[PDB]
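These notes are about the structure you will find just below.
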Amino acid sequence: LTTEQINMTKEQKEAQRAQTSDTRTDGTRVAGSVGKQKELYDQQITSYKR
Amino acid sequence: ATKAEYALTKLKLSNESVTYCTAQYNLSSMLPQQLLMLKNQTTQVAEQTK
């Protein structure tokens, strides 16, 4: 069970790293739910300007 | 009184005999099993360190 908690800790770290950073620990761009959420803000920002 | 004391010494052999068998069982069974218990605990400490 301790070994399994290692993976969860790593994944929860990525969720924290989603803030204040656009890249994960390995360097790839975030694309999950938080990545989709940011794209919605970009469209909304353009919508308000338009 | 000496005869009564002789019976007490004679009967005391039973306690010594069962003690030897009890100690023999502990060495043959309990001690090796405890060693396996300690080894698993040692591995858990490293995982918690990780």
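Derivation of every value follows stated rules applied to the coordinates shown; laboratory data play no part. Cβ: placed from backbone, ideal geometry, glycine included. Neighbour counts: every protein chain shown.
Observations
- Residues located in the range B:5-50, provided they are more than 14 Å from chain A (Cβ to nearest Cβ) and closer than 30 Å to A:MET8 by Cα: B:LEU36, B:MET37, B:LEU38, B:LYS39
- Residues satisfying the stated conditions in the range B:8-30, i.e. surrounded by 10 or more Cβ atoms within 10 Å (Cβ to Cβ) and more than 17 Å from the chain's Cα centre (by Cα): B:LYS12
- Matching residues, the range A:1-45, being within 30 Å of B:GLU47 (Cα to Cα), hydrophobic (A, V, I, L, M, F, W, C) and part of a helix (DSSP H, G or I): A:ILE6, A:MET8, A:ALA15, A:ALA18
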